[PDB]
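Everything below belongs to protein18.cif, which stores mmCIF, C-alpha atoms and all ligand atoms.
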data_work
loop_
_atom_site.group_PDB
_atom_site.id
_atom_site.type_symbol
_atom_site.label_atom_id
_atom_site.label_comp_id
_atom_site.auth_asym_id
_atom_site.auth_seq_id
_atom_site.Cartn_x
_atom_site.Cartn_y
_atom_site.Cartn_z
ATOM 1 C CA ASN A 567 27.752 8.146 -31.008
ATOM 2 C CA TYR A 568 28.928 6.476 -34.255
ATOM 3 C CA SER A 569 29.428 8.546 -37.427
ATOM 4 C CA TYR A 570 30.918 8.283 -40.890
ATOM 5 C CA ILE A 571 34.193 10.148 -41.311
ATOM 6 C CA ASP A 572 33.763 12.460 -44.316
ATOM 7 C CA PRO A 573 37.205 13.047 -45.911
ATOM 8 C CA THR A 574 36.085 16.479 -47.165
ATOM 9 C CA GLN A 575 35.421 17.597 -43.562
ATOM 10 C CA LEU A 576 38.891 16.642 -42.315
ATOM 11 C CA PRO A 577 41.535 19.340 -41.860
ATOM 12 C CA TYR A 578 44.133 19.957 -44.529
ATOM 13 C CA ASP A 579 47.245 17.883 -43.799
ATOM 14 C CA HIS A 580 50.148 20.316 -43.966
ATOM 15 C CA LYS A 581 52.556 17.492 -44.849
ATOM 16 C CA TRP A 582 51.634 18.349 -48.456
ATOM 17 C CA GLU A 583 52.652 22.020 -48.272
ATOM 18 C CA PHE A 584 55.297 23.019 -50.830
ATOM 19 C CA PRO A 585 56.937 26.445 -51.314
ATOM 20 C CA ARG A 586 55.031 28.166 -54.103
ATOM 21 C CA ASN A 587 58.024 29.920 -55.653
ATOM 22 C CA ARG A 588 59.806 26.576 -56.147
ATOM 23 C CA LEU A 589 57.416 25.724 -58.995
ATOM 24 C CA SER A 590 58.387 26.701 -62.544
ATOM 25 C CA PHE A 591 55.372 26.455 -64.841
ATOM 26 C CA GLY A 592 55.497 25.008 -68.339
ATOM 27 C CA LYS A 593 53.112 23.847 -71.057
ATOM 28 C CA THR A 594 49.337 23.629 -70.742
ATOM 29 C CA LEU A 595 48.026 20.104 -70.194
ATOM 30 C CA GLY A 596 44.348 21.020 -69.891
ATOM 31 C CA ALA A 597 42.307 24.173 -69.714
ATOM 32 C CA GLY A 598 38.797 25.555 -69.456
ATOM 33 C CA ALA A 599 37.212 28.951 -68.859
ATOM 34 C CA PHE A 600 37.841 28.818 -65.087
ATOM 35 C CA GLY A 601 40.885 26.595 -64.610
ATOM 36 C CA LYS A 602 43.897 24.863 -66.058
ATOM 37 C CA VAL A 603 46.404 22.095 -65.468
ATOM 38 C CA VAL A 604 49.997 22.894 -66.373
ATOM 39 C CA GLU A 605 53.260 21.006 -66.410
ATOM 40 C CA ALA A 606 55.874 22.310 -63.986
ATOM 41 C CA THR A 607 59.243 21.655 -62.412
ATOM 42 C CA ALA A 608 59.203 21.368 -58.614
ATOM 43 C CA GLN A 609 62.579 21.986 -56.958
ATOM 44 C CA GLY A 610 62.973 19.714 -53.939
ATOM 45 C CA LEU A 611 59.854 17.535 -54.141
ATOM 46 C CA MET A 618 61.225 16.658 -61.008
ATOM 47 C CA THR A 619 58.383 17.095 -63.510
ATOM 48 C CA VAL A 620 54.853 17.442 -62.078
ATOM 49 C CA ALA A 621 51.369 18.601 -63.058
ATOM 50 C CA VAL A 622 49.754 21.547 -61.253
ATOM 51 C CA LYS A 623 45.974 21.998 -61.137
ATOM 52 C CA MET A 624 44.818 25.561 -60.488
ATOM 53 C CA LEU A 625 41.879 27.899 -60.929
ATOM 54 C CA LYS A 626 41.806 31.115 -62.867
ATOM 55 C CA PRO A 627 41.000 34.417 -61.119
ATOM 56 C CA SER A 628 37.521 34.345 -62.710
ATOM 57 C CA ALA A 629 36.574 31.093 -60.946
ATOM 58 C CA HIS A 630 33.801 31.450 -58.367
ATOM 59 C CA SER A 631 33.930 30.330 -54.743
ATOM 60 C CA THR A 632 32.142 27.075 -55.617
ATOM 61 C CA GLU A 633 34.990 25.919 -57.869
ATOM 62 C CA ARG A 634 37.524 26.988 -55.226
ATOM 63 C CA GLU A 635 35.758 24.891 -52.586
ATOM 64 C CA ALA A 636 35.574 22.021 -55.092
ATOM 65 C CA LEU A 637 39.341 22.146 -55.649
ATOM 66 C CA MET A 638 40.100 21.995 -51.921
ATOM 67 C CA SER A 639 37.613 19.120 -51.566
ATOM 68 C CA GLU A 640 39.482 17.259 -54.332
ATOM 69 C CA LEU A 641 42.777 17.882 -52.543
ATOM 70 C CA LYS A 642 41.238 16.459 -49.357
ATOM 71 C CA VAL A 643 39.826 13.357 -51.089
ATOM 72 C CA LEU A 644 43.205 12.607 -52.699
ATOM 73 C CA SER A 645 44.956 13.118 -49.368
ATOM 74 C CA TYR A 646 42.639 10.544 -47.767
ATOM 75 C CA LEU A 647 42.858 7.944 -50.554
ATOM 76 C CA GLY A 648 46.601 7.450 -50.374
ATOM 77 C CA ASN A 649 48.976 6.260 -53.037
ATOM 78 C CA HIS A 650 48.050 3.771 -55.741
ATOM 79 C CA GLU A 651 49.892 2.810 -58.924
ATOM 80 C CA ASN A 652 46.786 3.276 -61.088
ATOM 81 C CA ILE A 653 45.770 6.788 -60.028
ATOM 82 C CA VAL A 654 47.462 10.117 -60.708
ATOM 83 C CA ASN A 655 48.800 10.561 -57.210
ATOM 84 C CA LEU A 656 48.814 13.700 -55.095
ATOM 85 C CA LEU A 657 52.365 14.981 -54.523
ATOM 86 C CA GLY A 658 51.923 18.363 -52.829
ATOM 87 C CA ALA A 659 49.867 21.509 -52.517
ATOM 88 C CA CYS A 660 50.257 25.264 -52.159
ATOM 89 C CA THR A 661 47.729 26.847 -49.830
ATOM 90 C CA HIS A 662 49.189 29.784 -47.866
ATOM 91 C CA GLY A 663 48.741 33.308 -49.188
ATOM 92 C CA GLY A 664 47.440 32.432 -52.638
ATOM 93 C CA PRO A 665 44.960 30.335 -54.599
ATOM 94 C CA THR A 666 45.121 26.592 -54.077
ATOM 95 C CA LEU A 667 47.600 24.701 -56.243
ATOM 96 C CA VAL A 668 47.265 20.904 -56.337
ATOM 97 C CA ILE A 669 50.493 19.166 -57.416
ATOM 98 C CA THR A 670 50.063 15.679 -58.936
ATOM 99 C CA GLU A 671 52.111 13.146 -60.867
ATOM 100 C CA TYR A 672 52.929 14.031 -64.474
ATOM 101 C CA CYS A 673 51.971 11.361 -67.048
ATOM 102 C CA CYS A 674 54.213 11.830 -70.063
ATOM 103 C CA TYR A 675 51.969 10.260 -72.750
ATOM 104 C CA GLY A 676 48.773 12.206 -71.992
ATOM 105 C CA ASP A 677 45.224 10.922 -72.008
ATOM 106 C CA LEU A 678 44.249 7.499 -73.305
ATOM 107 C CA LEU A 679 41.443 8.782 -75.568
ATOM 108 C CA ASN A 680 43.868 10.805 -77.688
ATOM 109 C CA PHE A 681 46.551 8.108 -77.478
ATOM 110 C CA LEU A 682 44.249 5.409 -78.889
ATOM 111 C CA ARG A 683 43.087 7.710 -81.674
ATOM 112 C CA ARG A 684 46.585 8.492 -82.904
ATOM 113 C CA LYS A 685 47.555 4.780 -82.776
ATOM 114 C CA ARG A 686 44.853 3.535 -85.201
ATOM 115 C CA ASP A 687 47.355 3.205 -88.066
ATOM 116 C CA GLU A 688 49.856 1.398 -85.787
ATOM 117 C CA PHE A 689 47.583 -1.228 -84.261
ATOM 118 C CA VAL A 690 47.167 -4.977 -84.750
ATOM 119 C CA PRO A 691 44.083 -6.558 -83.138
ATOM 120 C CA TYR A 692 46.003 -9.654 -82.015
ATOM 121 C CA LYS A 761 57.867 -2.781 -83.283
ATOM 122 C CA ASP A 762 56.235 0.369 -81.822
ATOM 123 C CA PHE A 763 52.745 -1.109 -82.410
ATOM 124 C CA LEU A 764 49.701 -1.068 -80.144
ATOM 125 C CA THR A 765 48.296 -4.582 -79.702
ATOM 126 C CA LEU A 766 45.310 -6.352 -78.187
ATOM 127 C CA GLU A 767 47.607 -7.293 -75.295
ATOM 128 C CA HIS A 768 48.011 -3.583 -74.517
ATOM 129 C CA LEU A 769 44.244 -2.995 -74.578
ATOM 130 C CA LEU A 770 43.742 -5.927 -72.209
ATOM 131 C CA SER A 771 46.402 -4.470 -69.893
ATOM 132 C CA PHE A 772 44.766 -1.023 -69.881
ATOM 133 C CA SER A 773 41.361 -2.507 -69.065
ATOM 134 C CA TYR A 774 42.993 -4.492 -66.245
ATOM 135 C CA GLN A 775 44.848 -1.514 -64.744
ATOM 136 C CA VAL A 776 41.812 0.776 -64.814
ATOM 137 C CA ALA A 777 39.759 -1.943 -63.112
ATOM 138 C CA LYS A 778 42.510 -2.269 -60.476
ATOM 139 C CA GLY A 779 42.486 1.474 -59.854
ATOM 140 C CA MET A 780 38.704 1.602 -59.597
ATOM 141 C CA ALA A 781 38.705 -1.407 -57.264
ATOM 142 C CA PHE A 782 41.104 0.592 -55.091
ATOM 143 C CA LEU A 783 38.753 3.597 -55.038
ATOM 144 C CA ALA A 784 35.783 1.381 -54.149
ATOM 145 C CA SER A 785 37.807 -0.288 -51.386
ATOM 146 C CA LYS A 786 38.200 3.200 -49.883
ATOM 147 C CA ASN A 787 34.442 3.867 -50.265
ATOM 148 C CA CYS A 788 35.092 6.423 -53.022
ATOM 149 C CA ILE A 789 33.296 6.980 -56.327
ATOM 150 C CA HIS A 790 34.927 8.927 -59.148
ATOM 151 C CA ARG A 791 31.763 9.924 -61.101
ATOM 152 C CA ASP A 792 33.584 10.909 -64.318
ATOM 153 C CA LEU A 793 35.268 7.705 -65.464
ATOM 154 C CA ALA A 794 36.022 7.942 -69.196
ATOM 155 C CA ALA A 795 38.958 7.381 -71.513
ATOM 156 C CA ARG A 796 39.621 11.145 -71.443
ATOM 157 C CA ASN A 797 40.296 10.840 -67.679
ATOM 158 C CA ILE A 798 42.796 7.951 -67.993
ATOM 159 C CA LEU A 799 46.414 8.992 -68.483
ATOM 160 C CA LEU A 800 49.373 7.009 -69.776
ATOM 161 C CA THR A 801 52.911 7.122 -68.393
ATOM 162 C CA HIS A 802 56.157 5.103 -68.576
ATOM 163 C CA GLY A 803 55.964 1.319 -68.552
ATOM 164 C CA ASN A 804 52.549 1.400 -70.279
ATOM 165 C CA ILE A 805 50.968 2.247 -66.903
ATOM 166 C CA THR A 806 47.499 3.830 -66.900
ATOM 167 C CA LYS A 807 46.386 6.222 -64.155
ATOM 168 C CA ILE A 808 42.936 7.616 -63.333
ATOM 169 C CA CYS A 809 42.915 11.434 -63.107
ATOM 170 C CA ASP A 810 40.549 14.337 -62.320
ATOM 171 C CA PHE A 811 38.965 13.717 -58.919
ATOM 172 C CA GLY A 812 36.991 16.979 -58.980
ATOM 173 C CA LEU A 813 33.670 15.123 -58.749
ATOM 174 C CA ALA A 814 34.956 12.260 -56.589
ATOM 175 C CA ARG A 815 32.813 11.602 -53.527
ATOM 176 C CA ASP A 816 32.932 9.485 -50.405
ATOM 177 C CA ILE A 817 29.964 7.129 -49.983
ATOM 178 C CA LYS A 818 28.482 6.855 -46.483
ATOM 179 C CA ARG A 830 27.924 20.013 -67.658
ATOM 180 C CA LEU A 831 27.514 16.276 -67.021
ATOM 181 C CA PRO A 832 28.996 13.480 -69.163
ATOM 182 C CA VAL A 833 25.563 12.153 -70.131
ATOM 183 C CA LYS A 834 26.746 9.393 -72.474
ATOM 184 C CA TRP A 835 28.912 7.893 -69.687
ATOM 185 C CA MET A 836 26.240 8.094 -66.973
ATOM 186 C CA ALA A 837 24.149 5.292 -65.511
ATOM 187 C CA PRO A 838 20.399 5.765 -66.081
ATOM 188 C CA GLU A 839 19.660 6.130 -62.349
ATOM 189 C CA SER A 840 22.249 8.948 -62.250
ATOM 190 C CA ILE A 841 20.606 10.712 -65.194
ATOM 191 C CA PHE A 842 17.042 10.221 -64.007
ATOM 192 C CA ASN A 843 17.424 10.390 -60.206
ATOM 193 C CA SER A 844 20.855 12.042 -59.634
ATOM 194 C CA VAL A 845 21.917 8.919 -57.697
ATOM 195 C CA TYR A 846 25.598 7.902 -57.799
ATOM 196 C CA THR A 847 26.949 4.669 -56.278
ATOM 197 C CA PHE A 848 29.712 2.107 -56.684
ATOM 198 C CA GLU A 849 27.442 0.577 -59.327
ATOM 199 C CA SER A 850 27.170 3.757 -61.396
ATOM 200 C CA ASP A 851 30.984 3.908 -61.593
ATOM 201 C CA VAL A 852 30.789 0.367 -62.997
ATOM 202 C CA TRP A 853 28.395 1.558 -65.722
ATOM 203 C CA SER A 854 30.895 4.255 -66.727
ATOM 204 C CA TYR A 855 33.674 1.656 -66.789
ATOM 205 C CA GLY A 856 31.587 -0.271 -69.309
ATOM 206 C CA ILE A 857 31.404 2.823 -71.508
ATOM 207 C CA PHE A 858 35.174 3.234 -71.050
ATOM 208 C CA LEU A 859 35.707 -0.347 -72.284
ATOM 209 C CA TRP A 860 33.653 0.425 -75.389
ATOM 210 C CA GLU A 861 35.901 3.457 -75.965
ATOM 211 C CA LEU A 862 39.005 1.338 -75.393
ATOM 212 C CA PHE A 863 38.143 -1.473 -77.790
ATOM 213 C CA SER A 864 36.967 0.946 -80.487
ATOM 214 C CA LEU A 865 40.307 2.820 -80.240
ATOM 215 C CA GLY A 866 38.609 5.987 -79.049
ATOM 216 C CA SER A 867 35.318 6.196 -80.928
ATOM 217 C CA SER A 868 32.608 8.480 -79.514
ATOM 218 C CA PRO A 869 29.821 6.560 -77.748
ATOM 219 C CA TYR A 870 26.348 6.177 -79.256
ATOM 220 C CA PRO A 871 27.433 7.604 -82.652
ATOM 221 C CA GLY A 872 24.854 9.679 -84.476
ATOM 222 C CA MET A 873 22.647 9.848 -81.365
ATOM 223 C CA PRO A 874 22.405 13.358 -79.879
ATOM 224 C CA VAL A 875 21.574 13.780 -76.226
ATOM 225 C CA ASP A 876 17.854 14.556 -76.431
ATOM 226 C CA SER A 877 14.542 13.113 -75.258
ATOM 227 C CA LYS A 878 14.926 10.248 -77.738
ATOM 228 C CA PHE A 879 18.334 9.277 -76.336
ATOM 229 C CA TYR A 880 16.955 9.174 -72.790
ATOM 230 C CA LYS A 881 13.979 7.003 -73.738
ATOM 231 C CA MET A 882 16.132 4.551 -75.643
ATOM 232 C CA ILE A 883 18.586 4.073 -72.761
ATOM 233 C CA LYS A 884 15.731 3.728 -70.276
ATOM 234 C CA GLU A 885 13.951 1.150 -72.429
ATOM 235 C CA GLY A 886 17.140 -0.905 -72.779
ATOM 236 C CA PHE A 887 19.060 0.141 -75.907
ATOM 237 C CA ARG A 888 22.798 -0.568 -75.588
ATOM 238 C CA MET A 889 25.837 -0.186 -77.828
ATOM 239 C CA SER A 890 26.925 -3.199 -79.851
ATOM 240 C CA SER A 891 30.298 -4.837 -79.342
ATOM 241 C CA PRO A 892 33.062 -2.457 -80.463
ATOM 242 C CA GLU A 893 35.176 -3.581 -83.341
ATOM 243 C CA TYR A 894 38.196 -5.002 -81.465
ATOM 244 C CA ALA A 895 36.629 -6.271 -78.230
ATOM 245 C CA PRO A 896 37.056 -9.990 -77.475
ATOM 246 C CA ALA A 897 33.754 -11.675 -76.649
ATOM 247 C CA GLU A 898 34.711 -12.005 -72.963
ATOM 248 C CA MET A 899 35.226 -8.232 -72.728
ATOM 249 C CA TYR A 900 31.925 -7.427 -74.438
ATOM 250 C CA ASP A 901 30.305 -9.770 -71.912
ATOM 251 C CA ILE A 902 31.747 -7.560 -69.153
ATOM 252 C CA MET A 903 30.428 -4.433 -70.892
ATOM 253 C CA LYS A 904 26.916 -5.876 -71.154
ATOM 254 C CA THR A 905 26.791 -6.656 -67.422
ATOM 255 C CA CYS A 906 28.182 -3.198 -66.587
ATOM 256 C CA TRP A 907 25.166 -1.776 -68.454
ATOM 257 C CA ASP A 908 22.466 -3.749 -66.654
ATOM 258 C CA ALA A 909 19.512 -1.485 -65.944
ATOM 259 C CA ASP A 910 19.503 -2.942 -62.431
ATOM 260 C CA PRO A 911 22.526 -1.705 -60.405
ATOM 261 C CA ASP A 912 22.336 -4.820 -58.196
ATOM 262 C CA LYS A 913 23.115 -7.026 -61.214
ATOM 263 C CA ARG A 914 26.229 -5.163 -62.355
ATOM 264 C CA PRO A 915 29.598 -6.692 -61.399
ATOM 265 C CA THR A 916 31.850 -5.135 -58.811
ATOM 266 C CA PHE A 917 35.298 -3.898 -59.779
ATOM 267 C CA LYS A 918 36.767 -6.649 -57.586
ATOM 268 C CA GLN A 919 34.817 -9.152 -59.699
ATOM 269 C CA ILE A 920 35.902 -7.414 -62.916
ATOM 270 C CA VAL A 921 39.569 -7.567 -61.873
ATOM 271 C CA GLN A 922 39.333 -11.319 -61.270
ATOM 272 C CA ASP A 923 37.563 -11.761 -64.624
ATOM 273 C CA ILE A 924 40.221 -9.899 -66.627
ATOM 274 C CA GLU A 925 42.916 -11.735 -64.637
ATOM 275 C CA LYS A 926 41.685 -15.043 -66.045
ATOM 276 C CA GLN A 927 41.666 -13.593 -69.571
ATOM 277 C CA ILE A 928 45.256 -12.376 -69.197
ATOM 278 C CA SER A 929 46.495 -15.786 -68.023
ATOM 279 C CA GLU A 930 44.789 -17.523 -70.960
ATOM 280 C CA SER A 931 46.929 -15.430 -73.337
HETATM 281 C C1 LIG B 1001 38.180 20.099 -67.134
HETATM 282 N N1 LIG B 1001 38.356 20.965 -65.976
HETATM 283 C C2 LIG B 1001 37.312 21.979 -66.085
HETATM 284 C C3 LIG B 1001 39.744 21.498 -65.911
HETATM 285 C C4 LIG B 1001 39.918 22.598 -66.965
HETATM 286 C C5 LIG B 1001 40.053 22.105 -64.539
HETATM 287 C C6 LIG B 1001 39.122 22.081 -63.503
HETATM 288 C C7 LIG B 1001 39.405 22.639 -62.276
HETATM 289 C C8 LIG B 1001 40.646 23.209 -62.067
HETATM 290 F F1 LIG B 1001 40.938 23.755 -60.854
HETATM 291 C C9 LIG B 1001 41.586 23.234 -63.085
HETATM 292 C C10 LIG B 1001 41.291 22.680 -64.318
HETATM 293 C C11 LIG B 1001 40.749 20.370 -66.191
HETATM 294 C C12 LIG B 1001 40.926 19.346 -65.263
HETATM 295 N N2 LIG B 1001 41.785 18.380 -65.531
HETATM 296 C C13 LIG B 1001 42.481 18.371 -66.658
HETATM 297 N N3 LIG B 1001 43.385 17.269 -66.903
HETATM 298 C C14 LIG B 1001 44.389 17.586 -67.904
HETATM 299 C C15 LIG B 1001 45.350 16.421 -68.060
HETATM 300 N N4 LIG B 1001 45.937 16.175 -66.764
HETATM 301 C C16 LIG B 1001 47.277 15.650 -66.647
HETATM 302 N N5 LIG B 1001 47.664 15.347 -65.390
HETATM 303 C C17 LIG B 1001 48.905 14.835 -65.141
HETATM 304 N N6 LIG B 1001 49.762 14.664 -66.158
HETATM 305 N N7 LIG B 1001 49.381 14.984 -67.444
HETATM 306 C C18 LIG B 1001 50.138 14.862 -68.591
HETATM 307 C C19 LIG B 1001 49.372 15.287 -69.641
HETATM 308 C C20 LIG B 1001 49.852 15.313 -71.100
HETATM 309 C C21 LIG B 1001 51.008 14.700 -71.572
HETATM 310 N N8 LIG B 1001 51.085 14.945 -72.884
HETATM 311 N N9 LIG B 1001 50.004 15.706 -73.219
HETATM 312 C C22 LIG B 1001 49.720 16.184 -74.562
HETATM 313 C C23 LIG B 1001 49.251 15.933 -72.168
HETATM 314 C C24 LIG B 1001 48.160 15.667 -69.139
HETATM 315 C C25 LIG B 1001 48.185 15.464 -67.720
HETATM 316 C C26 LIG B 1001 44.979 15.647 -65.813
HETATM 317 C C27 LIG B 1001 43.796 16.595 -65.675
HETATM 318 N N10 LIG B 1001 42.351 19.329 -67.568
HETATM 319 C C28 LIG B 1001 41.510 20.330 -67.362
#

Turn the structure described in the file into structure tokens.
Amino acid sequence: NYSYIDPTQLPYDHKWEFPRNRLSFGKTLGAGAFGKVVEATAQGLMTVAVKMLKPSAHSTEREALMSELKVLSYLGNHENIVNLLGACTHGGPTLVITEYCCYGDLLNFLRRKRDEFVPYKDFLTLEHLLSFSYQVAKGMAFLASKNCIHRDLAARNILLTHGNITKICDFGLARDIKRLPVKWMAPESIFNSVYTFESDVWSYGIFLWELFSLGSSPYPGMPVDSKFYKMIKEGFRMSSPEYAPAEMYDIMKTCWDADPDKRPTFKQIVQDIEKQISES
């Protein structure tokens, strides 16, 4: 007589419905063979992003897009996620309208800032990197508090907008807890297809390594092959990235514990980074 409420089973909430012909589409923000995200103007909702599938997409991607709409509808608003603003469902393919983040993804932002960075006007600083790590931890703590896992946390899925605010995007693989980004995945996810709050924490560790290397690719010179899998399973881990303070590398190392039970929670990570910020 007692059941979990699965957000993907709930009905669409028509409060999100927006007239389709009041969108005016602009530049491409992301694209693949079966879908794209475009900038648009939305009369009566301002600048927004619109996620949509291409006519070649199969029914599985279409179901996945509606599921993502339903997860975002359930989660509610948070400063550190790219929030749902509206949807178009009647008489056409699903359009998911989200917030537009004017500075794009953090991976590309960090990479173009390498010549304008001090590791301590218009410069990226260590204070900014600490802030970004704090905000992403706050956003992931929010997801976990709603029993949600993201499953593709990476610097490429963190966007930057005004006020130096970072926002987690792309909830297409996000799941409620009752082809794959292998180098960001926890070993139990690779080996046993198991995803948990603790495997999101592993990915956050990889994200921190990206952050404090200003966007370097993880495990450089190590292709995904049988040798990569054995080395991760037997305990190989990346070294401290070049700009990480010792306290942040300590967080990374615990995020990468082979035992999920020994990894920190996002709530614990938030409180850790909070103490580091106050010490500054
Ligand atoms: C990977 N998948 C396979 C797809 C293709 C997909 C899957 C299913 C679909 F049905 C449709 C598409 C995909 C999903 N997601 C995204 N990204 C793109 C970035 N995007 C943004 N969202 C809000 N604002 N914003 C501002 C900027 C910005 C500002 N300056 N510059 C230079 C860029 C970028 C964004 C968030 C999501 N791209 C591709």

- Item | Residues selected by the PyMOL selection byres (((not hetatm)) within 8 of (chain B and resi 1001)), written as JSON, numbers by chain | {"A": [594, 595, 596, 597, 598, 599, 600, 601, 602, 603, 604, 605, 620, 621, 622, 623, 624, 625, 626, 633, 634, 637, 654, 670, 671, 672, 673, 674, 675, 676, 677, 797, 799, 800, 809, 810, 812]}

- Message: Translate the PyMOL selection byres (((chain A and resi 899) around 9) and not hetatm) into a concrete residue list for this structure, as a ChimeraX atom specification.
- Response: /A:770,859,863,891,895-898,900-904,924,927

I'd like the residues picked by the PyMOL selection byres (((chain A and resi 921) around 8) and not hetatm) written out as a PDB file with C-alpha atoms, keeping the file's coordinate frame, using the chain letters and numbers from the file.
ATOM      1  CA  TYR A 774      42.993  -4.492 -66.245  1.00  0.00           C
ATOM      2  CA  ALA A 777      39.759  -1.943 -63.112  1.00  0.00           C
ATOM      3  CA  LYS A 778      42.510  -2.269 -60.476  1.00  0.00           C
ATOM      4  CA  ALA A 781      38.705  -1.407 -57.264  1.00  0.00           C
ATOM      5  CA  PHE A 917      35.298  -3.898 -59.779  1.00  0.00           C
ATOM      6  CA  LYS A 918      36.767  -6.649 -57.586  1.00  0.00           C
ATOM      7  CA  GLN A 919      34.817  -9.152 -59.699  1.00  0.00           C
ATOM      8  CA  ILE A 920      35.902  -7.414 -62.916  1.00  0.00           C
ATOM      9  CA  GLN A 922      39.333 -11.319 -61.270  1.00  0.00           C
ATOM     10  CA  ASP A 923      37.563 -11.761 -64.624  1.00  0.00           C
ATOM     11  CA  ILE A 924      40.221  -9.899 -66.627  1.00  0.00           C
ATOM     12  CA  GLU A 925      42.916 -11.735 -64.637  1.00  0.00           C
TER      13      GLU A 925
END

- May I ask which of the residues A:769, A:678, A:776, A:833 is the closest one to residue 796 in chain A, counting only C-alpha atoms? A:678

- Message: Measuring between only C-alpha atoms, which one of A:881, A:798, A:875, A:910 shows the shortest distance to residue 680 in chain A?
- Response: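 With only C-alpha atoms as the atom set, the closest residue is A:798.
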